[PDB]
Structure formats: C-alpha cells, structure tokens
Amino acid sequence: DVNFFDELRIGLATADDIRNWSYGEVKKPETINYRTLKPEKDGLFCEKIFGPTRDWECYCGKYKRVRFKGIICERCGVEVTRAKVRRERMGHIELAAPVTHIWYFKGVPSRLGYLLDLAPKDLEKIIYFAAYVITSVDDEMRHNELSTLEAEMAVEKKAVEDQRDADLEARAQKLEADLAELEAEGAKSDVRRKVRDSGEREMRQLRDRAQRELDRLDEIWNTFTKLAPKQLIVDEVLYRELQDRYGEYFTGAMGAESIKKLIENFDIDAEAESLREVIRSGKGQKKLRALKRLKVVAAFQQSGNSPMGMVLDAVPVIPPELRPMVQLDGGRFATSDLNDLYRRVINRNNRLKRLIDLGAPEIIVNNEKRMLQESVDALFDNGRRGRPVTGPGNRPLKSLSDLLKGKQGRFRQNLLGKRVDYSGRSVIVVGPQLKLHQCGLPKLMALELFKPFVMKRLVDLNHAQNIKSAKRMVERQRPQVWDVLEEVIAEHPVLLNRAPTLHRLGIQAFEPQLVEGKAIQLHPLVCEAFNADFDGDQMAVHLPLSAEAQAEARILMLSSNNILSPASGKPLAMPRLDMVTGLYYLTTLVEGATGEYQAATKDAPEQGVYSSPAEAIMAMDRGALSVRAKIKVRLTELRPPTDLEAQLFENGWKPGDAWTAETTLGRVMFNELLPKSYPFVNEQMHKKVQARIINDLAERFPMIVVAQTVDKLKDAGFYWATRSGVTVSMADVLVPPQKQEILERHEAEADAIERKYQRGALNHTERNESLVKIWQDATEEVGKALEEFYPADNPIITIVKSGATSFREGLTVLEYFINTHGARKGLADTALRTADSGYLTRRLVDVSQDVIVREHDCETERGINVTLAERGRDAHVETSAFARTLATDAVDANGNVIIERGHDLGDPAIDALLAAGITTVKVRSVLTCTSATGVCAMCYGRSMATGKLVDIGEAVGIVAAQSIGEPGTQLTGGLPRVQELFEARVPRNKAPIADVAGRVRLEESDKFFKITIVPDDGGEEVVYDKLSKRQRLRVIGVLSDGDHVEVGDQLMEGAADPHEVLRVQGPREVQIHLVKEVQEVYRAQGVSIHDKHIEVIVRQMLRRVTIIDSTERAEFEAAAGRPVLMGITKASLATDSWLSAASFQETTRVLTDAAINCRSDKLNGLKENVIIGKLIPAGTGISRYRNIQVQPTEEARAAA
Ligand SMILES: [Zn+2]
Ligand SMILES: [Zn+2]
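Thresholds, definitions, all that
- Residues numbered from 1 in each chain as written, not as in the entry; some residues may be left out.
- Chains lettered and ligands numbered in written order.
- Part of a larger assembly, values for the part shown.
- Heavy atoms only, no water.
- Residues with missing side-chain atoms left out of burial classes, pairs and counts.
- Helix = DSSP H or I, 4+ residues; strand = E, 2+ residues; numbered from the N terminus.
- Rg over C-alpha atoms; globule rule 2.2 N^0.38 Å.
- UniProt positions renumbered as here; feature names shortened; annotations may be inferred.
- Buried < 20%, exposed > 50% of the residue type's maximum accessible area, 1.4 Å probe, protein only.
- Patch = residues over 30% accessible without salt bridge, like charges linked within 9 Å, V, L, I, M, F, W, Y side chains within 5 Å.
- Areas by Shrake-Rupley, 256 points an atom, 1.4 Å probe, with all protein chains shown as cover.
- Salt bridge = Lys/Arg side-chain N within 4 Å of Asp/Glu carboxyl O.
- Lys, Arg positive; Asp, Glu negative; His and termini not counted.
- Charge placed at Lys NZ, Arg CZ, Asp CG, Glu CD.
- Contact = heavy atoms within 4.5 Å.
- Donors = N, O, S within 2.8 Å, 3.2 Å for Na, K, Ca; no water.
- Tetrahedral: all angles 85-135°; square planar, octahedral: opposite > 155°, others 65-115°.
- Pairing = 2+ DSSP bridges.
- Polar contact = N/O pair within 3.5 Å; in protein donor to acceptor, adjacent residues only side chain to side chain.
- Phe/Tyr/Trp six-rings, centres within 6.5 Å; stacked < 30°, edge-to-face > 60°.
- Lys NZ or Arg CZ within 6 Å of the ring centre and 35° of its normal.
- Axes fitted to C-alpha atoms, helices over the stretch in contact; angles between N-to-C directions.
- Parallel < 35°, antiparallel > 145°, perpendicular 65-115°, else oblique.
- Left-handed = near helix turned anticlockwise from the far one by under 90°.
- Nonpolar A, V, L, I, M, F, W, Y, C, P; charged D, E, K, R; others polar.

- In its metadata, the entry names X-ray crystallography as the structure determination method and reports 2.9010 Å as the resolution.

The structure is reproduced here in structure tokens:
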C-alpha cells in the first residue's frame, strides 16, 4: 500500500497460479443454511476458506476476542482475523476434466485456432465434443505394417466385389426367368415394361449399396494412410471402424483435454521457424494467413507464458463480498448471479466425478464434460456462445465479463466515475449582486458541507466541550453555530459544476457566501460558461479539502482567473442579454435630446457645455440634461482618444489634466467603468464593441483589472437595462397590416402567371425565374413594410441592434397541423446532435489525453505557412494566425524586418505585419514539434485562456478534445463529416487529386467524366477515367480544359481520400488538409476553434509507421517503414498502456491480446494514474512541480 508502483503487468494464469491464489477448494454448491443463514462449510461463502464473518471470531466461537490473531480454530477451521479478508481471499475449483478458456476460443480471431491451425468452426467441434481429433500417430509401426494392411484391405475389398457381382447376376438371371414366364402367360406390353423397370432399378439399388460400402472402405484406408495429428474425424462411425482396426497405430480424443494434448507436444520454436517462411509466394493471403497467425505464435515465444494456460485445470472463485448474498430490507434475500454461475459449474463438475467413478458410458461422461465446458464459458463470458444462461424472468445472468465492462459497469465509468463525499447540489438562481469570484451558498448546504470544520471550531471555542457535543450542536442547528460558520467558510473556496461538463470552464471555484434560502446564487456572467439556464437548472458543489486542492481552486480554477474561452481566446464573461441592451441604451446618442448641446448664438454662449461630469449629473437629476444627449464637457480623471490627445498634449497623457470633448453623459459614465488608464471610446456600445473592447483591454491589463471591469459593466448594464424602457406589448408585436394585404397581392401574380403558363406563355424557365422575382419582390417588400413600420427605438428592434440576442394573426386548425410536422423533426434531430457529440468527444479525449507540454522549446526550425490576409485581411486569420509563434523572421521587401522570430504574434503584431503588407508567415506548430515527449511551449504558442505563453504543465490534448467536442451540439456537412475526418475513413463520395503537375484534358462522355493530366516532364500521362458527373468539378472559375494543375490540387468537388493525399503530398500536407476540412465544417456553423486544437488531434494520427520488413517514430532512430494515417479510435487502441486501452473499447480483445503478449504498463499516461489513484502526469502532477522545496529565506526568519 505504498501508492507508487512503477509497472502493471498481466499474463495467462496457470492452474498452479490459480491454486496458489486460492485459500482452499470450494467443494459444494451451497451458500448459506436456510435456517441458521450462516455460510455452509466447504461451499461458497465458507468462512474456513474466504474468511470469517465477524472480526476476530471463528465459526464455532471458541475464539472470540482480538487477543489471538493469525491463528486458526482447530474445530471450525476458521482463521481469527479481520472480516475484511472476506473481500480479498479467493477460492478455486479443481476440474475433473480440463476446460478451454472461452476468451481464447471464441474470441475473434481465435487465439487458439491461430495457434494450432484449427479453423474456429473446426476447433468449436473439438472442445464441444462434436468430432474426434488425432492426437498421436505411430509412423514406424504404420509404415512397417503398411504392406500387410494393404493386402488385407484389398482382399476384404475384393470379397465385397465378388459378393456384388454374384448378387447382380442372381437378380438378372432371376429377372430373365420372371420375364420368360410372361411369354408363356398373358403378355401385357405395359406390364412387360413395368416389370423390367422394377427389376432394372432394383439392380441399380443392389449395385449402389455395394458401391457405398466400397467407398466407405476406400474412405477408411485413405484416411488411415494419410492419418496425421490435428486431423478431425467427424464421422464417428468411421472413427470407430478406424479404431477397431489400426487402433494401436494412433490415438484420438475429444474435448478440452485433447486440445490440451495438442498443446503439450507443440514445439513453439519449430512451429515458428516453419512460419518464418517470408518466401513461399506470400503475395497471396496464404502467407498473410500465416502472417496473422505468426503474431500469436511469436508472442508465446518472445514471452515466457506456457500456451497451456488457455486450458484450465482449476478455476478461481471470486471473494464472497464481491458476489455478496445479503438479506434485503423487508425480509427478502438478494445475491449476485456469480453464485448461480459458480453453482452450475461446481454441480456439473461434481456430477462428473460421480460418473467417472461409476464407470458410466462415454456418451454420458462426454455429455458431462460438454456441460461442464459450457458452465465455465457462461461463468466467464455468458452469452458469448449460444443462448446465455437466464434466470427467472428470462434475463441473462451477469458473468465476470459483463461485471468487468459496461457503460455503467466497473470498466468504463463505474471505475472512472464514482460518487464523492463533501458534496451537494440544488437549483440555481441569478445572483446579480455577487462579485465574479463569489457564489451564493444556502446556509443549510454550507453547514452540512463544512460540518467537520464547524465542529472543531465550536469545540476550540468553549461552546461545546467535546466532539460529540459539537455534532448534535450542528445537527439540531442551534443558532450559535452560524457565527462560527462564516469563519470556517471565509477564504475557503468551493467548486461549482453543472452537467453536462463540456469544457473545463464547466467547473470553477468561488468564494462561498452564506445566503438565505435553499437555492444556489450563481453569478450572471458565468452562465455562458456553464450554459446554465435559470429554468430549474441544478448545479453541484464540491468542497476542496487538502491544501493542494484549495491551492488548485484559488489559482487554477478560480472564476475571475478564467475569463477567456480556452478554445477561441474570446471572452466568455463578457456582458450579454440585459447587460448589453442596458449599456447600448446608456451610450446611445439621441439627436435632439433634452439637454442637447447648442453652439454659441449671436447673443448667448454654448449652452451644452458643463464644468465637470458631476455637474451633468446634477443637471440630469433635474429635467435639464438627458443621459443620451450630445453635450460637451471637460474631463480631468479620464483618458482622451489616442489620436485626438496627441494634438492636445504630446507632453503626456492627462493624469489630472483637463480636456473637453463632446459625448453623451452615458458614454462618460460608461468610460468611468473602464480602467483609468484606458483611453476614451465615445461610441454606442454593441456586443462586438464591448467584445472588441474587452479583448483589447484583456491583452493590455492583468485579468484582475479585466475581472473588475466586467463586473462594473454588469452593474451598469443591469441598472440601465431597467431604465431602458424595454417591454413587450401588442403594439410592439402585432402585425403590419400592409403585409397581409400585399401578400394577397403578390399571391395573385403567382396564380395568374400559372394561368399564363398553362396556355403557352410558359417559355420554359421564364416561369421559374418570374415566380422567384415575385416571391422575392414580395419577400423584400415585406421587410421594408415591416422594418420601416417599426420605430427605430422599438423594444424589439433595440434588443436586435444591441446584439443581446409570425403567429400574430393566429393560425386556423389546418394551418397549425402542418406546422407540427416540421417542429417535431427539430426536437428529434436535436436528440441525435447531443449523443454523437458526446461519443465523438470521448474518442477525441481517448486519443489526445496524454498530450502535454514537456519542455519550453524543442528548437526545431520546422513550421507551417499561413495565408494571412489576401485583400491586397483574411477572414480566418483569427483561428490560424492569432496566438502563434514565428519560426522565421518577418522580412519586408524593402529590407525592414518587422516582428522577430519566436514572437507571440498578438493582434497588434498582425496589424504591424499588415502595415508592411506581408501576405504569408511561417509559424511554429505542434504538427512540426520535434519534442520526444508531448509538445513544447513555443511550438504550441499562447494559451487561449491565459493570453500568455502556455505553461509547461498544460495538458493541451484534453483541452483540444473539449474545444472540439463542445460545439458539436451546433452541427447540422456536419457531425458525420467530422467523424469521417477524425476517423480517417475513405470519404463518403471520393474525389481525386492530381498525382503530378501539368496540363489537364477534360473529356466529356455520357457514361463518365474523364480527366487526363499531361505532365510537364513530360512523362506518362495520368488518367482519371472513372468519374461521376453528379460530383461536378472543382472551382478555381471552374477547372476547364487546358488549365494548369499542381501536385496537390483537387480535381473534382467532394472529399479527397486522406490516405491518397498522404502518399502523394506526404505526412505534413495531410495534417494541413485534415485541419483544413475539419475547420471548414465548424466554420460553416460559425464556430471559432483555433487551429492548434485540431492540430493537436491530427498530430496523433501520423505518429506511427507501417513495418514492411524488420509503430512509433522514436524506435527507428535506435527495416523500412512508411508514414501511416489512421483514425483516432485505431490510434487510441494502439497506446502503450493496456489498461488504458482496455477501458476505451472492447476490453476482451485488449485483455486477451495483452495477457498473451504479457505486456507491462509503465503507468505513463494519466488515465492509468486516475484508475489506480495516482497523481496524473500533468499540471501539478509533473515531477518538476510536485518536488518543489519551500524554505523561508534566512532574511525573513530574522524579521520573525
Ligand atoms: Zn471455531
Ligand atoms: Zn516543438
């Protein structure tokens, strides 16, 4: 129980291993006495083997006190020790007949079948007693006696011929007499042919019966001469006759013991060398059939596992506590299915001993071994072969396989996902008055959550005298604890989470504030992250305990420290909904306002000017100044625009200096919210403006400044959202009466046009275009009739303009029916959007979880170019160029270098680059990182969450998977296309790529399109004859006849085979393609994902190569292999960790292949450490971080 083990290894458990594990053989299929209800002896639950029921108490009771431990009672045979051993100790069952392990027999491909060259359909007939197998053969005796055996065989065969020919002549000669009697008697011409037909056919019968015996004889002899071990004799009768004679020359048997023998005399090395034949043709599958099988044969040779392990002589019995039998509440009993499966095994096994001792016939005995064989199969993997064993109600019993795996089973999530103490949940309610780092916690919830803490505090304080006195003091909720509760809660962070958890921001830390009520008060800014509606949504609370946990919450998972989306870098805590309209109304400029500014007239000065913002406030309180007026005022503690100030100053930005600009009091009150160092804005604030502003100020200020600035915007937005006058009513919605009238107007144009179409004015496409012109003219006419009819400041329009976000006439009966037909498809289609996105996100995580930053820099010059603008700004520079690092300097044509290599490439850098007009830039990428382990900080680049360089410990693979899986809910060219890419499957509709460079010859044929490429070598022409016209052409105009094509261009519309572009353009260009297509899907849905996230996933596909002649890349540096592209699922299953891969998909094959290979897991990944409870090798788990030493400086200790 050290908690730090290096490796974890498997292997075939031999009969001895099982016997060594067990604490005694369970001999009876009994559980507990129906009266005493105590465990029966020698049976399941037997305390004499598994363990005592009570601590330090034997079965009889002659030893009861803890005084004696480690001894065994000489009466009941029970060891006096803790009752827990009942959960650690196993038993075993000695089988009267060997049995095959179903995992190596029925497990496809048959591990045993591949190990002995027995087809699974043939092997199934052997171990289940459906055919005999030749175990041994005496070659010398069969050869020395072949002469006499052949003679005796020919003689016996001849005696059959002499009988046959003698019989036919007796039938034909007798038929001649019967027919001769017909001439003397009345001759019926019909009967004459009827008798002959009867006689002739009878001869054929007599002659064919003889032939069949001859063939049976020939069959007997041929099989005996060619008789070789591993041959199967399914004929039984043949086998018996093959045993009556020649029985002393060979041997044969059925069942697992026969398979046990074939494995006995089996030279593993000899069978391998004959399989080492890389010659003997091999281009055909015949060698692959040996190639595929050689893996299973070599695995046993390279390891020490004896292949005998595939046949069990003893079966281990799982401890009772894992298969418990307890009496349910209400008097009823409950017990696991394993007990009924073990019972079937131990019953049939015992009956076999009985039959063996009774000298029963082999039909009965063999029938028992077959029954025993099936009982062990059911015990291990019930249902894997034949119908599963079902109990009352016809439900399949849960075997050990099912118990191991399952979605809710102990393999996938029952082991990974477990319930935790110090937790709780409740419905959430808005907490508009909360600080971003705070959360409303119901007093009762915070009480029970911190119960141990408050118990100690109110005991330290002489309120309660002992612990027990403190417990009741909290349970009864005596009013004296509350004051103690706010202390224990102070500066003690708690974790909030809302299911489902999509990204890491779905869990954040908060300062707990005791709040009246039973609900949880959530800050209104984190809703975006949690995606938390306030329509009854619930959230969970977890209480970090250890000092490390609290440190991780305060530092890593603090709410205020996580503002930017770790997927796009954009801000999530940005104001939204009311806060937007509130600020939109606050800063909007209304012409002709109440206190509007007026230029000095002939006899009066300017009346819109005000001394300070305070004066404007006083003027606002009176009916003088409107918040949205165009007044001009002087400012002393605010910052003027960068461009305007330079004129007014240059000596320095105003710290207390005065300056006058014309704005609105709102815009003044707004800028007061921003930092004092931030220049003035003077604009009506939209989501984007506030989004544009929050970003800009997030780069130039620490997040604490951004955290407080977003909080201040929340208050203002909410405050002015109320004074905004935004309310809905009939006059706000209603209907533009011109619409219904004008709609009936244009409808007449479409009906009479059809009238004109029928007569002869159709003119083909004239109708389709005309009807479209009318429909779009009316559709465009209603927009104006509605947009111009709605006031500019209409509440519906205001909400739309700010960016926070027709049944008005009513529908008749039939109209509403049609609407339901489509509305129900959206709800059902939405059900499939969430399932697959979570199934994709799991595979994504399954393949990239072990990817973490391991070093600051790998120092590789390799990089990837970026298109970066094309106007002569690109539309997607924010996803691929932003937050990158330059592998090479940015050189201008004029010789001036701007932005040096290894720079952060901030948006100001993008503009500085755009200033010099540089189209492309080479950039570091995880696709090119040469890090031996994971990736490096520089290659990865800026962390989207922190805005700075990525920290060394960051586990970017998981963040990438979440960044990709989360938006999967918004996929419609959607989720299937994405899985098509990440899984590396050939495209749904394949598309060709240019295999070389040169011109193109477009040929038009009704059957198919033909694209020939004339190389510029010029060498052999490349023909792409097979082409479906339904696939269209690729766009540049369209690819026409005679155009030039490059080495990687796509010829027709569709998806190019990634495996195709791999061998053509190489690995690096494949990864650029996959990221290109993947990002294009999400971009189609308006989803902003930084390329690096996709790149992290793509990096893991090209990490291995195929070995054509004697896998990862690092092994080759210390025998030719080609770069390989493979899907995430296949790649994940190829991980070095076997229990990690076992938890992923199909645990049986991984477990069987792992046990045979005898693999050892070094616990390198983080999934493994999660299962066993070790510190994951990421974040605070890295060695460099967890081995830090904290010693106070000698100078500080002096101060004391
Ligand atoms: Zn005893
Ligand atoms: Zn690197």
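**Focus: the overall build of the chain**
At step 1: The number of helices and strands found in the chain is 44 helices and 32 strands.
At step 2: Over its C-alpha atoms the chain spans a radius of gyration of 42 Å, topping by over 25% the 33 Å that the globule rule assigns to 1200 residues.

**Focus on the UniProt feature "binding site: Mg(2+)" in the chain**
At step 1: The residues that UniProt annotates with the feature "binding site: Mg(2+)" are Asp533, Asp535 and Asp537.
At step 2: For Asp535, a relative accessible area of 59% gives the class exposed.
At step 3: As for its position among the elements, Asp537 is in the loop between α18 (527–530) and β16 (538–542).
At step 4: The exposure class assigned to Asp537 is buried, which follows from its relative accessible area of 11%.

**Some thoughts on a negative patch on the surface**
At step 1: A contiguous patch of negative charge, built from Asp267, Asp269, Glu273 and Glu277, is present on the exposed surface.
At step 2: Relative to the assigned elements, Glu277 resides in the loop between α10 (268–273) and α11 (285–302).

**Thoughts on the UniProt feature "binding site: Zn(2+) 2" in the chain**
At step 1: The sites that UniProt annotates as "binding site: Zn(2+) 2" are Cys858, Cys929, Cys936 and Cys939.
At step 2: On the secondary structure map, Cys929 appears in the loop between β22 (921–923) and β23 (935–936).
At step 3: If sequence neighbours within four positions are ignored, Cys929 has contacts with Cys858, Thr860, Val935, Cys936, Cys939 and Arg1099.
At step 4: As for its position among the elements, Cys936 is in strand β23.
At step 5: For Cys936, the contacting residues outside a window of four places in its chain are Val853, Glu855, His856, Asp857, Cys858, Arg924, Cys929 and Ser931.

**Observations regarding the coordination of the zinc ion (ligand 2)**
At step 1: Looking at the zinc ion (ligand 2), one finds its protein donor set to be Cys858 (SG), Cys929 (SG), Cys936 (SG) and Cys939 (SG), positioned 2.2 to 2.4 Å from the metal centre.
At step 2: Because the angles between the four donor atoms bound to the zinc ion (ligand 2) fall within 93 to 135°, the donor set is best described as irregular.
At step 3: For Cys858, a relative accessible area of 15% translates into the label buried.
At step 4: Here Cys929 falls in the buried class, since its relative accessible area comes to 9%.

**A short note on a nonpolar patch on the surface**
At step 1: On the surface, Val728, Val733, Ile796 and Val800 cluster together to form a nonpolar patch covering roughly 340 Å² of accessible area.
At step 2: If you trace the backbone, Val733 turns up in the loop between α25 (703–723) and α26 (737–761).
At step 3: Residue classification places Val733 among the partly exposed residues on the basis of a relative accessible area of 44%.

**What about the sheet that holds strand β3 (residues 132–137)?**
At step 1: Taking strand neighbours across the sheet as the criterion, the three strands line up as β4-β3-β5 in an open arrangement whose pairing is antiparallel. Edge strands, defined here as strands with exactly one partner in the open sheet, are β4 (232–233) and β5 (250–253).
At step 2: When β3 meets β4, the two strands line up antiparallel, connected through two bridges. From the neighbouring strand, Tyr132 faces β4, where its bridge partner is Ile233.

**A few points about the coordination of the zinc ion (ligand 1)**
At step 1: Here the zinc ion (ligand 1) is held by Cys58 (SG), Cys60 (SG), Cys73 (SG) and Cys76 (SG), and the distances to it run 2.2 to 2.3 Å.
At step 2: Bound by four donor atoms, the zinc ion (ligand 1) shows angles of 95 to 135° at the metal and therefore irregular coordination geometry.
At step 3: Donor residues for the zinc ion (ligand 1), ordered by position in the chain, follow C-x1-C-x12-C-x2-C.

**Side note on the sheet that holds strand β25 (residues 998–1004)**
At step 1: With respect to topology, four strands assemble into an open sheet ordered β27-β26-β25-β28, the strand pairing being antiparallel. Each edge of the open sheet carries a strand with a single partner, namely β27 (1022–1024) and β28 (1044–1045).
At step 2: In this sheet, β28 lies alongside β25 in antiparallel orientation, the contact comprising two bridges. Along β28, the bridge assignment pairs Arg999 with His1044.

**With respect to the pairing of β25**
At step 1: Of the pairings in the sheet, the one linking β25 to strand β26 (residues 1009–1015) comprises seven bridges and is antiparallel in character. Among the inter-strand pairings, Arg999 is bridged to a residue of β26, identified as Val1014.
At step 2: Taking the residues that link successive antiparallel strands as the turn, the β25-β26 hairpin has four residues.

**Let's talk about the environment of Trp221**
At step 1: Checked against the element boundaries, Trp221 lands in helix α7 (residues 189–225).
At step 2: The contacts of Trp221, once residues within four sequence positions are left out, are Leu146, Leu149, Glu150, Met153 and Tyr246.

**Focus on the side chain of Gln521**
At step 1: With respect to the secondary-structure elements, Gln521 resides in strand β15 (residues 520–522).
At step 2: Residue classification places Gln521 among the buried residues on the basis of a relative accessible area of 17%.
At step 3: At a separation of 3.4 Å, a polar atom in the side chain of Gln521 contacts the side chain of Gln433.
At step 4: Setting aside anything within four residues of it in sequence, one finds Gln521 in contact with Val429, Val430, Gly431, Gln433, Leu434, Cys439, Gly440 and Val515.

**Concerning the packing of aromatic side chains**
At step 1: A complete count under the given rule lists twelve aromatic pairs for this structure.
At step 2: Judged by centre distance (6.1 Å) and plane angle (90°), the rings of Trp659 and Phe680 are edge-to-face. With a gap of 21 residues between them, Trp659 in strand β19 (residues 659–662) and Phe680 in the loop between α23 (665–671) and α24 (687–700) connect regions that are remote in the sequence.
At step 3: Classification of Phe680 by relative accessible area gives buried; the value is 9%.
At step 4: Chaining the aromatic ring pairs together yields one cluster made of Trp221, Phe224, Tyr246 and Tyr249.
At step 5: Lying across the ring of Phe50, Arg323 places its NZ or CZ 4.8 Å from the centre.

**Examining the packing of helix α29 (residues 813–848) against helix α34 (residues 975–982)**
At step 1: Closest axis-to-axis distance for the α29/α34 pair is 11 Å, and the angle between their directions is 15°. Classified by the angle between their axes, α29 and α34 sit roughly parallel to one another. In this structure, the crossing between α29 and α34 has a hand that is left-handed. Across the interface between the two elements, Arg833, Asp836, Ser837, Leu840, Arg843 and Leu844 of α29 pack against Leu975, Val978, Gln979 and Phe982 of α34.
At step 2: The class makeup of the residues in the contact of α29 with α34 is five nonpolar, two polar and three charged.

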